[PDB]
């Protein structure tokens, strides 16, 4: 039988305020978690996650096959050549159970300079029809900003944890340019459950999604209360307990690049569970030209061999790489 992973619950509320010592104590907990399994739960985050789950459920349960084609990314709909990242990722009954809706920075409009330059990784969100999904766009855009706010607080924790000034990451994470994404994932109950949608691990464990590191600086995740995630540690894969009041946080491979692997991007996977459930990640990405200098907090002089890498280059190589390893989602 499988061990439970150490995933501490960290009260992050001090990261929103001005008590500096209290913030350092939070930063210490982030450091410890980041250097152990690489996961923690942010609690006292201030987000209304009951409404987030409720409104997401309404959307997933009421969207029709026709609307899905109309919002489809280009992998499902060749008419939609500008939609690499944003839109609907369809299920395929009998083959692929998971389906999702991805959106980016709401400030990415036709008049934003990056959209006018056609810079890669930037797109204008697509939305379903307002009368069919009343309030959904407004809710989802407001959600993007609420989780942006949590994520900025978190990034102040990570900076402090690494011995830097608090805005070290947060100042490259800006409303005007962030490449961050929200994905509203539906994992359905199905019987019979399509076997092609289940993968078997080297240890026999049935999976919905195989082992990987995240393409992110950090990932800020809300999930329903159904246990599914596993993290690889030196002792094997361990179960991450559910907590549908908190956000599950981990570093992605950009953080590992910046810190010369002092904060690793923890390898994790998703168990197959036959139950209706939701997974709503926010992938904290910086702007296309952010190029933080890699450093190394193990070393007295803090210096690293690694070459700077622009977030945009990282993200474009990274998103195409995760689709070829683990399949189209």
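Numbering follows the first chain given and starts at 1.
Just going by the entry, 201 to 209 versus 236 to 244 on mean CA temperature factor gives the higher value to 236 to 244.
The stretch with the higher mean CA B factor, choosing between 304 to 312 and 317 to 325, is 317 to 325.
Per the PDB record, 224 has a higher Cα B-factor than any other of 178, 253, 224, 77. The residue among 276, 299, 289, 31 whose C-alpha carries the highest B-factor in the deposited model is 299. In the PDB entry, a CA B factor belonging to the lowest third of its chain's modelled residues is recorded for residue 285. Among the modelled residues of the chain, residue 41 sits in the middle third by CA temperature factor in this PDB entry. Residue 146 sits in the highest third of its chain by CA B factor, as recorded in the PDB entry.
Among all modelled residues in its chain, residue 62 ranks in the middle third by Cα B-factor.
For residue 73, the recorded CA B-factor ranks within the middle third of the chain. Only modelled residues enter the ranking.
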